[PDB]
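Novice: Task: produce atomic coordinates for the following.
(2 chains)
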Amino acid sequence: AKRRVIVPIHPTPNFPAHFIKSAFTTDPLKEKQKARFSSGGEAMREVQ
Amino acid sequence: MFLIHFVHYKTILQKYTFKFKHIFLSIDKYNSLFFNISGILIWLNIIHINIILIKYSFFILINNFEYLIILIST
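Specialist: Numbers count the residues shown, from 1 in each chain, chains lettered A, B, ... in the order given. Shown next is the structure:
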């Protein structure tokens, strides 16, 4: 099928773990889906 | 021969002071301006947005090195 392959990015001094699992995906049927949202200190207190 | 017994005076006075800085006092470091981050956008394979504080953003950073990242009101 000529299935595309993606090699994992490991944590880096500028590229911490959560940045990687949130901004990078090794399964390329999940590319080009859409934006995900998350909340930080105050917007989290509002939503939760 | 010995004619005498005496008590050993010495002048130990330090009256001058010479202190020289060692080299590493003047070496560089990396310093940064620091503001409160209101939000973050990351994109590499898939875009992800985190919003800490919603306000009108007065400053915006863009950084391309590994992943595209945009630090809002940073």
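Novice: how about the residues of chain A that lie near chain B?
Specialist: With Cβ under 8 Å from any Cβ of the partner chain as the criterion, chain A meets chain B at residues A:6, A:9, A:12, A:14-15, A:19, A:22-25, A:28, A:30-43. From N, CA and C alone the C-beta is placed, and that goes for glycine too.
Novice: Could you rerun that using 10 Å?
Specialist: Residues of chain A lying close to chain B by Cβ under 10 Å from any Cβ of the partner chain are A:6, A:9, A:12, A:14-15, A:18-28, A:30-44, A:46.
Novice: Can you classify residue A:44 as helix, strand or coil?
Specialist: Put simply, residue A:44 is helix when judged by DSSP: H, G, I helix; E, B strand; the rest coil.
Novice: if you look at the residues of chain A next to chain B, which of them are in strands?
Specialist: Taking DSSP state E as the definition of strands, those contribute A:36, A:37, A:38, A:39.
Novice: Neighbour count added to the residues you listed, as a markdown table?
Specialist: Shown next, in a markdown table, are those (neighbours: other Cβ atoms under 10 Å in any protein chain shown):
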| residue | neighbour count |
| --- | --- |
| A:36 | 13 |
| A:37 | 10 |
| A:38 | 15 |
| A:39 | 15 |
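Novice: Would you point out the most distant pair within these?
Specialist: Spatially, the most separated pair among those is A:36 and A:39, at 11.4 Å (Cβ to Cβ).
Novice: Common neighbours of the two, please.
Specialist: In terms of Cβ atoms under 10 Å, 6 or more residues apart in numbering or on different chains, residue A:36 and residue A:39 are both contacted by the residues residue B:50.
Novice: Show me the residue of chain B that gets nearest to chain A, please.
Specialist: residue B:52 (2.7 Å; Cβ to the nearest Cβ).
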